[PDB]
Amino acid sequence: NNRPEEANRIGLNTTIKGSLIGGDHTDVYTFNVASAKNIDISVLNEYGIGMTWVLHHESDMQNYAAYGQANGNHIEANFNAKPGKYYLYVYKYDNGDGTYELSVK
């Protein structure tokens, strides 16, 4: 029973570091896509904790527009994004504490 996470507004050419320490298990980002294009979402899992990311287009908060796939410390996807507003959830699912670096290109 708590307030929703405060979404960090970013854009399609972003590199930003975050952390998921203790009870901070989810970070939310939002961005807009003006015209269809492939984008690249990559999260570097610096401490190798149990974390991932999922992405929703505003219009479908159930089916994922994309999701991260772990390749060593790189949790990535590259996919054609239709126009509109997106919500990106970077989150942990185990008891580890770690930092990460998010890129959107």
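Just count from 1 along the sequence shown to find any residue number.
- The PDB entry reports B-factors from which the mean C-alpha value can be compared for 4-12 and 96-104; the larger average falls on 4-12.
- Higher mean CA B-factor, judged across 29-37 and 64-72 from the recorded values: 29-37.
- When all modelled residues of the chain are sorted by CA temperature factor, residue 88 is found within the lowest third.
- Split the chain's modelled residues into thirds by C-alpha temperature factor. Residue 59 is in the middle one.
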